């Protein structure tokens, strides 16, 4: 019985954070290879009772994109998603894209306070916001859109998704996020609360991958049409339409556009 991979917790997990892989027949896992660059020590791999899940801490960043390969007693299987799709990152605040203006913070995690680990600099939206507040903290940034050598111009927007890593300290009630691109606010995603692509829940106290259809923030038919808006704007805006004051602490990194 061959091993099978059904899902991976993130395509770009933060170094020092837990990677979880779900699937079947993870029996006597003898190797987990990351992007043909390094192996996870077998002793550092945790396997569930029913052999349907493995997890491990990512010890270092791959330098190139690739896939995860899992060897079990039944054979070897490769994850279908591209792992560490570095070429798909549009904004990381460390040389891909840049912050232009906004009330927000930028942090390099220090191992002692949230978000504890980071891949370099991340965006912070943190602090206390009054009830019914429609302009609070935000970042207006310039993205570096994915090259058409990676995503051809004729790919439908319907076939693409926006992914990013997010850390939420504690759940909150009231505050929401807007994500907008190319100053097309009519097409923006509004009222968004970060939820995990892996669990469907707002995970707290750890990084999660968040994913939305690119059509939820882009109105154009194809990727080329989107590029021809001739704007590198990407904006992340926090407000609080709730009836109570709230304090939140949310971090973002590695915005990326990938194929569904």
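Positions refer to the first chain, counted from 1.
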For 47 to 55 versus 206 to 214, entry-based mean Cα B-factors point to 47 to 55
Once average C-alpha B-factors are taken from the entry for 134 to 142 and 85 to 93, the winner is 134 to 142
Scanning 195, 61, 70, 234 for peak Cα temperature factor in the entry gives 70
The largest CA temperature factor among 181, 77, 189, 100 is found at 77
Quick tally, chain-level thirds of C-alpha B-factors: residue 174 sits in the highest
Chain thirds by Cα B factor, record data; residue 65 belongs to the lowest
Quick tally, chain-level thirds of C-alpha B-factors: residue 17 sits in the lowest
Of the three thirds of the chain ranked by Cα temperature factor, residue 258 occupies the lowest
Binned into thirds over the chain's modelled residues, the C-alpha B-factor of residue 221 lands in the middle
